[PDB]
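# Observations on chain architecture
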Amino acid sequence: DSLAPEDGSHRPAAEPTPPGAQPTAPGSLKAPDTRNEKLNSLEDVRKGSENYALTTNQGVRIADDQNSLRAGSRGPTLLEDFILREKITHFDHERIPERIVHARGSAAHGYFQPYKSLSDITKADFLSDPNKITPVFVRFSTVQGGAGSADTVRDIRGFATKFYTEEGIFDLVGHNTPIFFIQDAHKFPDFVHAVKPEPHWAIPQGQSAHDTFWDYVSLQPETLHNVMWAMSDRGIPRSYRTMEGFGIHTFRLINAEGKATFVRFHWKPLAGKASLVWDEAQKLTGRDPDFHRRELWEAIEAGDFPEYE
Amino acid sequence: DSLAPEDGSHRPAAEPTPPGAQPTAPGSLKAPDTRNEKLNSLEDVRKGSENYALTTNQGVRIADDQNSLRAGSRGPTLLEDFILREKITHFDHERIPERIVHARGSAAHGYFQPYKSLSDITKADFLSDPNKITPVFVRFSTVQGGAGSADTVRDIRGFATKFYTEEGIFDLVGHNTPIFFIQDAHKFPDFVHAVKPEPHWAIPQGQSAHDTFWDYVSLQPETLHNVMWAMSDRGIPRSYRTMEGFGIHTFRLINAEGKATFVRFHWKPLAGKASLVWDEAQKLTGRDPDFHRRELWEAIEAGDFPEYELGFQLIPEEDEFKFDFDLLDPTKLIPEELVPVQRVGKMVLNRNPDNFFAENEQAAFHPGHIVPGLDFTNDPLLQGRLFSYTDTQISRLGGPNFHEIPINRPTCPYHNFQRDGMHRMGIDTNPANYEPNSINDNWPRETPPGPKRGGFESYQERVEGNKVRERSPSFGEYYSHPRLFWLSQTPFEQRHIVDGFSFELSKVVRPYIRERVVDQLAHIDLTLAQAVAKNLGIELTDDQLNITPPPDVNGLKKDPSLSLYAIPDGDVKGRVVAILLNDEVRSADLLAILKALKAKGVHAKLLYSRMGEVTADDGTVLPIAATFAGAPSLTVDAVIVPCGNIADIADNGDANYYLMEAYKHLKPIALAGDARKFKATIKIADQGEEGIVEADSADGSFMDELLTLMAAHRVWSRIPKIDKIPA
Amino acid sequence: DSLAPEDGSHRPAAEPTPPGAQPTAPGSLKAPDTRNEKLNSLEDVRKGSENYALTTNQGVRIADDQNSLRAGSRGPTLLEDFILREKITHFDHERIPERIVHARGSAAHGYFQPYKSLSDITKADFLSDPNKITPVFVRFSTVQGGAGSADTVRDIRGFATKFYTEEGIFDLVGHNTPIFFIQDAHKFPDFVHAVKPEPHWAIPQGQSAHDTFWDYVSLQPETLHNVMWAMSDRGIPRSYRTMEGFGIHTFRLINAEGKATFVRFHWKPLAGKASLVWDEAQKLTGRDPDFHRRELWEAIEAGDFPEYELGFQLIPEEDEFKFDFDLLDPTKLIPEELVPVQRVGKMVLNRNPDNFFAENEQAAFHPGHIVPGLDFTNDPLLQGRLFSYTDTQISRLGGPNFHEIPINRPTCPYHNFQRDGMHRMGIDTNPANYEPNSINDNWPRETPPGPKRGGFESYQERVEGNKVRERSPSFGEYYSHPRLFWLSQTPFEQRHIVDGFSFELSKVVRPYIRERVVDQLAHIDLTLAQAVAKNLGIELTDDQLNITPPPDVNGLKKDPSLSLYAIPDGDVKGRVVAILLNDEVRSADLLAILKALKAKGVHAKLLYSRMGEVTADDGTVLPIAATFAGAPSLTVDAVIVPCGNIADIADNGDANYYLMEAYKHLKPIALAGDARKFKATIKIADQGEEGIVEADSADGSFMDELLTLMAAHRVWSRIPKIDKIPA
Amino acid sequence: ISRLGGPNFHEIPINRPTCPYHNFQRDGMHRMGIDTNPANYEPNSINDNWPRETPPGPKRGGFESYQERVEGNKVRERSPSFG
Ligand code: HEM
Ligand code: HEM
Ligand code: HEM
């Protein structure tokens, strides 16, 4: 019953294919041979499916998964149907709280590699050798909207990178413009509340074009610089691939002798910089709310891998 | 600081005002005199702000809310700053999980009132006297999308009503169609997972147009009936005010003498039925993703209260087996042609919440929340629902004391022996925490069943059968209800159905899925399937062309109450019109226009190519509401273009496109005097045509022709001309 | 129904009554007219019970609370029984996580009042007028065990007070010893993990007598000062009413002119200092594990309200470096001989809670919660404490709104821009949720620091140094405070300390840990080291006997304020006496005894070998409170034995054991007439012995002898004789 | 669900079955298993309906309830045999 078509057209070729030619799929069935050290350590928890029996979470095989246990064919459902309650209990608890900010985002795996040793300025092991590869996990996002909001709204974009180094995890958690709206962390909740949907009716979604945000900007002039960046075409990128990335804060690099050097971090996109125009971007939140997410998944499936300096 | 403007225009009047006139606000500040028992009992948790000092949550006044505590003004932030840490900590833990289904929703407060006593058929106290007023809390929603998804997607709608009765909470949790997709609750996680975003890449949001949804439908024919409703215009309503409401399942009404009657619940809109057309709805998800939430809120602020009539379909117990279908099967409807709806009472929604998170996000509805006078039945979809709503609320709302959050608490008394749990508010003084007890003389006490204020007792239905995991043989027919639905639509509604299926299936990547769906459609109706097939480039096989159609439903071959538009019920009050200005509007036109609209209760939005003001020909100064690009035609019900300096806007791309988009979406257009030049923009003949109102000036019949068309909602006769027109 | 007895003896009188006379009850049923601002404020949440119907949490009346809905009376339970699933669901989610430390504790309500105005030294409002009364809620606890462990273990005790002031909540979170075990908050998790049950097998409960605790102590000599306290009789208080309380750290008092003064907080008991002895405390964990919790509850129901005076040690800012110890080192005390304690106000505890879980278990105290007029210091342990108390409570009480749980709510106003979070109670009507704002004209607003009602500002301390992870060199001395504490104890207290160290060290399995600890004691005092080593069968080496003792503390060689008994202050009001009954009491004796007792406020418990009653020689009916084995000598402060038919109980094993036990534990004993014949079972000399009161009959010289020994707590001169007594 | 934090308590090491467990359940707090199956529902054609139901049998078959005979009305009542 209910099985695949005879021609095997239900499944995608495991080779690089252009956008739209085939059905998208989980990365490990789409590119079995692409590996790095983080991807391989995840093998312990990956779970397969072909050729196995359907079971409960306690490992008991299920005979009939189309019906509830009842007293007679048109009777009442019995409390003793533990298969039914396990199935519905897990569903009832699928959701976890979304991120307070940056709830809407799209991620991918990859690797990082230094061009030369940087030990004159830093003793950071991941930067000490040109032949040393570091597995990374990167997450691109919007700021304001919830996890089910649209991709191509006018907003700042997040650019978060996890480096799995040999002397610890390093997270470089940045944005796509070189400054932020405010100076002190004490004002974060005040700025975020002004930009998010208003508290009485929860409008508007994924937009700064409402009264509370401009109220706050007009009374806090420190915000004007990043407001300039947001109102420009930097606020509506064509893709996560065609935008720049920054750490914003001045950080410090320490070498082996104890000398310190101030540093600001940048990401330079090798596909170049490019943005949409507003009318296009606003209408695209309706025709395909999932455009940046789609485009990233599809570029990696086609072999047009996202690359940054 | 003292930052408000002196002139006080930062705050809206506390009186009814038209959409867009003033800034919207929390309900108790906009309409402080709109009261009910539920609203009044929330006064203990409401908090003001004006004239108070800024404090921590422990009550300590804060001197500086702009800076962290550091060692030196350019120094490190100190750990001892408890004011910063409290502030950021609360911020960091603001979110709670969203609802697993129906995450996106909009809500309001109101009241219900019975039309007469129903003591003959039920002993439920809230339906026993025409003077008993019952306060309500209602939430409207979509199904698939997250809480930040858009309002006007294609999808089923939820309609949940919490009745705060004197003998307990009664929740009627319904939907906007009379049937559901599946028969047994055991398949709910399977159906839900197929429609929701696909698990590898989490796409797509708010849409059934993807491979897994159609895969599930093509393998499970029980889904076909509700799938027909979702692909029709029923799936993209114009507003929460203009859709129907249904309980779906057969319940029981139990009277004082112990007699049981079967009942199906109905909500009838008093503003009538109306929907959008697909390209408008989809575009509208980008230009204003909060269009339904916004319209609901603004309708209440302006006084256009959503009103609905509660109705009952009643079936005597002896008629259980008289139909072609099973009454306990939720994939089947009860045709109004066979069993009429009895109009029993009315609900009015008249006040918005104060705080969305606290009242809307935290509200909890559950179909298992019934009262003496009502009872359940063996419908297997309903049966598994009783388990789920209590279970899910434990992690969404954090524990078993969710009934203590202010919006959920009953207004009647509640006492029992349950104790403790996370977030416990009530402090019990009862010396005993069990029964039977002699230490508190067994209080609180059980209460026998009776005609009024008695204890809950289940209807003693007979059960006889073996313990089986099996579907009833009477549940095994999937095609005649869908066909009954198809034949009751008007011709233009049939066309929208065809286009919904074609569009959606065009997004399915694996072609064999499209073919199997089409096959399933050929078992319902051949014309339907031939039409969908041609848009997908598929040919029907000779065998598919000879499939025998399913039977009539108890002799019916059509039921007009299943169509949105067969029997018109339009009501123009609360609709909104776009008026496109120019720099020298003929003020005689404008006054005939605005006074006719106010007489019918229709709102106007004055549009221009820039914000600010415009000066009319007699020197009158008009405030502009929004630009042409800022309030697209998608948002209004009809377009009027008045006489004046037409050359101001004859060449503006946005003004012209405004008329082409409305024209495409079948809305009525009115052109006064030289505004008639615009006919060439939409290829209108000199002769004119139905749907285009035109005159020398905006006077008499001009407005009356315009308002007649508005009552008919859209101009269905223009369908044939829109396939050309690049809009 | 009416399961209660005719006579109404299932309910206690709402008037002060002696321990064991009536059933105990929720505070507001027992003492309804004992009010305070916090206690009246909780009336919005109290729930009654009598005369109400039994319902679901939704308000639906239950008819049968004895059965599940089943298909047939011997059939399967039905999923549609929502009544059963709600009752079982609330029960399934009743528990919340216990506190990570101090999980076992007992609390009560009360009030604080100052003795005079303290405006010269602080601007704290609650200390500004002798007529300003401040509601308080105090919790007493242990440290190591879980919520179900026993009360009279050997451990430090917690003393936490929440002040509901008019300028915010102020929490004073202290202990019952003047110093703590460690110097920097970074070692807290290491220290707590070492004293708690070991991780493989989770043994032992409520005890420090195990290898890991002693391993950590022997490798970290900063802990030795608090260890001397714990090994002393300070570790086993007789009651929460008879132990001292301390804040431990040095805080700042900030006056209105902006001047800063260093302060250490103290709590002095009005009932005096008293402790048990180790064998008695230990046996009491098995005979009555709820001993301290019970006696505090009953003391309050009898009107023996626990009373404490608040005391300040004040040191001007210019004297920060006058002592030869660092003022910021929390392992260092400030001897009252150097800086006396100023008595400054009093606290009274006069009302028990209504519900243990709602009020005691959900209460949240945090040292970071201070008010204008107070400020912190750089003590590294206090500094890290500020992070932890808010953090822990996010998970223990479920979210960032724990301040909205009724016992935690401030009594003063709290307004800010924080919103949402799990179980949000407050419904904000403010149109703004940020600042600066203009739409609500910037309310609520910041408030400048001032003399009264102003915003919080931190004292502008000068900070100078590099970012480093290093201990200050001035914190590097670990032996002179332990040595000044040793030398300030009386001789019997010094013997109790030696037996404390010996009993615990004998439970350490690895012998090398025993030796290392002993090596450390040699650096404090040789006599002490030699004594513990004699009991562990360890010999001191050559090297150990010549170790130079540590220096004195600022010229001091001893401070009598560190001893529990050097300077008497014991009070007998609220103590308890067991009276051993025989089948024919000489009424003459009883009466003399009960009336002498009642004049000093001493309670009595009448014990026999069975329950029910016995009659005196004059026919007076004496009801029995407990049996000899059921209310052991461990639970009373002294034992009295009247004349009558002594033959009746003279051969009763338990009645004889009662005397030997109380005799072993240094408690006063009184025997009139033929009761003197019991001297043979505890082998007393012929002339007499101090501590044994005897006479021909219960006269007044007889009770003054008994009441006088009782004011001295225990009979210290008997220690020598109890070696050769088998009990 | 509250004691152990969510619906994945069977992934806590001590609670894990040593035999195989495959199904269409997904997500929830602290999800350990990373499912590669393209389908998360059944029936499905995209993964050829795996994992699949197994009919009852003498060994290694699916679970089926004994077909006990049930008869009587819906009552909240104690059996007289229990008294
Ligand atoms: C230069 C300024 C900032 C930048 C560039 C930034 C960037 C980001 C990014 C990229 C994320 C998303 C990470 C992900 O993909 O999971 C994020 C999340 C977050 N941000 Fe920041 N942020 C900034 C300021 C702040 C401040 C000032 C605060 C609080 C004081 C804050 C609190 C948070 C929190 C609580 C999250 C959610 C983390 C989670 O749930 O895992 N951010 N931020
Ligand atoms: C006749 C079929 C059904 C209808 C009309 C229906 C209707 C609704 C509506 C309107 C809501 C949203 C309530 C709100 O506004 O907060 C909802 C939520 C929900 N439904 Fe149903 N539903 C149906 C079937 C089911 C089934 C079969 C199950 C599971 C066995 C289910 C489980 C849930 C859950 C878990 C929620 C979320 C509740 C909460 O988080 O408080 N539903 N349903
Ligand atoms: C001078 C040293 C300390 C004293 C006098 C002290 C005192 C107390 C007291 C009396 C309580 C119980 C309050 C109640 O009854 O609920 C408590 C709880 C607690 N303490 Fe401290 N403590 C000290 C050191 C620390 C340190 C250094 C830390 C961590 C850095 C810490 C963390 C905690 C935590 C997490 C709780 C549980 C709080 C709750 O769950 O509400 N304590 N402490």
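Residues numbered from 1 in each chain as written, not as in the entry; some residues may be left out. Chains lettered and ligands numbered in written order. Part of a larger assembly, values for the part shown. Heavy atoms only, no water.

Structure determination for this entry, per the PDB record, employed X-ray crystallography and reached 2.26 Å resolution.

### Let's talk about the overall build of chain B
Stated precisely, the cut-off is as follows: Only DSSP runs of H or I with at least four residues qualify as helices, and only runs of E with at least two residues qualify as strands; both kinds are numbered from the N terminus onward. Radius of gyration here uses only the C-alpha atoms, and the compact-globule reference equals 2.2 Å multiplied by the residue count raised to the power 0.38. Only the protein chains shown count as cover for residues, and all accessible areas are computed by the Shrake-Rupley method using a 1.4 Å probe. Here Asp and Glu are counted as negative and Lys and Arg as positive; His is not counted, and neither are the chain ends. Where a charge sits is defined by one atom per residue type, namely NZ (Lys), CZ (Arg), CG (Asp) or CD (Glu).
Across its full length, chain B carries 18 helices and 21 strands. For chain B, the C-alpha radius of gyration of 29 Å lies close to 27 Å, the compact-globule estimate for 727 residues. Overall, chain B is about 90 × 85 × 55 Å in size when its C-alpha atoms are taken along their principal axes. Put simply, chain B shows about 24800 Å² of open surface, and 51% of that area lies on carbon and sulfur atoms. Charged side chains of chain B number 79 positive and 104 negative; the gap between the two group centres comes to 1 Å.

### A closer look at the site of ligand 1
To keep it simple, the criterion reads: The near set for a molecule or strand comprises every residue that places at least one heavy atom within 4 Å of it. Here a polar contact is recorded for every N or O atom pair within 3.5 Å, except that within protein the pair must consist of a potential hydrogen donor and a potential acceptor, and residues adjacent in sequence are included only if both atoms are side-chain atoms.
In the vicinity of ligand 1 there are 16 residues, among which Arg-99, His-102, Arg-139, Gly-174 and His-175 of chain A approach most closely. In this structure ligand 1 sits where residues from chains A and B come together. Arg-99 of chain A is positioned such that a nitrogen or oxygen atom in its side chain is 2.9 Å from an oxygen atom of ligand 1. The separation between an oxygen atom of ligand 1 and a polar side-chain atom of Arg-139 of chain A is 2.9 Å.

### Comments concerning the packing of aromatic side chains
Residue and element names in this part refer to chain C. The condition is simple: Only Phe, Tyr and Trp rings are paired, with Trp represented by its six-membered ring, and only when their centres lie within 6.5 Å; those with planes under 30 degrees apart are stacked, over 60 edge-to-face, the remainder tilted. Burial status follows relative accessibility: with a 1.4 Å probe on protein chains alone, a residue under 20% of its type maximum counts as buried, one over 50% as exposed, and anything between as partly exposed.
Applying the stated rule across the entire model yields 91 aromatic pairs over all chains. Aromatic pair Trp-214 and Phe-501: ring centres 5.9 Å apart, planes at 55°, arrangement tilted. Of this pair, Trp-214 sits in helix α5 (residues 211-219) while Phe-501 sits in helix α12 (residues 491-505); the two residues are 287 residues apart in sequence, bridging distant segments of the chain. Judged by its relative accessible area of 1%, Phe-501 is buried. With a centroid separation of 6.5 Å and 80° between ring planes, the pair formed by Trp-229 and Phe-246 is classed as edge-to-face. You can see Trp-229 sitting in helix α6 (residues 224-231) and its partner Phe-246 sitting in strand β7 (residues 245-254), a full 17 residues away along the chain.

### A word on the site of ligand 2
For clarity, the threshold we go by: Method remark: on a 1 Å grid restricted to protein atoms, a set of points is classed as a cavity if a 1.4 Å probe fits but cannot get out and as a pocket if it is open with protein on both sides within 12 Å along at least five of seven lines; lining residues have an atom within 4 Å of a point. Any molecule with more than half of its atoms within 2 Å of a cavity's or pocket's grid points is regarded as sitting in that cavity or pocket. Each residue gets one label: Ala, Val, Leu, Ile, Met, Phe, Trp, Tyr, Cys and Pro are nonpolar, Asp, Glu, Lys and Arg are charged, and the others, such as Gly, are polar.
The full set close to ligand 2 counts 25 residues, and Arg-99, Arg-139, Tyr-389, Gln-393 and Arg-396 of chain B are the nearest of them. Chains contributing residues to the immediate surroundings of ligand 2 are chains A and B. Take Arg-99 of chain B: an N or O atom from its side chain is 2.7 Å from an oxygen atom of ligand 2. Within the side chain of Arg-396 of chain B, a nitrogen or oxygen atom sits 3.0 Å from an oxygen atom of ligand 2. Of the pockets mapped on this structure, ligand 2 occupies the largest cavity. Among the secondary structure elements, those contributing two or more residues to the shell around ligand 2 are β4 (158-165), β5 (168-175) and α10 (380-396) of chain B. Per element, the largest residue contribution to the shell around ligand 2 is eight residues, and it comes from α10 of chain B. Taken together, the residues that form the shell around ligand 2 break down as 11 nonpolar, nine polar and five charged.

### Considerations on the relation of the copies chain B and chain C
Put simply, the rule reads: Copies superposed on C-alpha atoms by least squares. Contact between two residues is taken to exist if any of their heavy atoms lie within 4.5 Å; hydrogens are not considered.
Mapping chain B onto chain C leaves a residual RMSD of 0.2 Å; the transformation is a rotation of 180° accompanied by 0.0 Å of translation along its axis. Expressed as a symmetry operation, the mapping of one chain copy onto the other fits a two-fold axis. Every residue of chain B has its C-alpha some distance from the rotation axis, and the shortest such distance is that of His-423 of chain B, at 3.4 Å. Looking at chain B, 98% of its interface residues are interface residues in chain C too, so the copies touch through the same face.

### Side note on the interface of chain B and chain C
Here is the rule: By definition, the buried area sums, over both parts, the 1.4 Å-probe accessible area that each loses when the two are put together. Any carboxyl oxygen of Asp or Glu that lies within 4 Å of a side-chain nitrogen of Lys or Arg is treated as forming a salt bridge with it.
The partner chain C presents 124 residues to the 126 residues of chain B that form the contact. Taken over both partners, the interface formed by chain B and chain C buries close to 11300 Å², and the fraction arising from carbon and sulfur atoms is 57%. Of all residues in chain B, the largest losses of buried area upon contact with chain C belong to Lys-47, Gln-58 and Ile-427 of chain B, amounting jointly to 8% of the total for that side. Counting across the interface, chain B meets chain C through zero salt bridges. In this assembly, chain B and chain C are joined by 61 residue pairs in polar contact. Those elements that provide at least two residues to the side of chain B that touches chain C are α1 (27-30), β1 (46-47), α3 (82-92), β5, α9 (356-361), α10, β12 (427-428) and β13 (462-468) of chain B. Ranked by residue count, the leading element in the side of chain B that touches chain C is α10 of chain B, at eight residues. Residues belonging to the side of chain B that touches chain C are distributed by class as follows: 51 nonpolar, 45 polar and 30 charged.

### Describing empty space enclosed by the protein
Selection rule: Grid points are joined across faces, edges and corners, and a volume is the space filled by probe spheres set on the points.
Each pocket or cavity is described by its volume, and for the largest cavity that value is around 900 Å³. Together, 48 residues line the largest cavity, and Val-101, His-102, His-175, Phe-188 and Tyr-389 of chain B are the ones closest to its centre. Of all the elements in the fold, those that place two or more residues in the lining of the largest cavity are α3 (82-92) of chain A together with β3 (134-141), β4, β5, α4 (188-195), α6 (224-231) and α10 of chain B. Of the residues forming the lining of the largest cavity, the biggest block, eight residues, is contributed by α10 of chain B. Looking at side-chain class alone, the lining of the largest cavity contains 26 nonpolar, 15 polar and seven charged residues.

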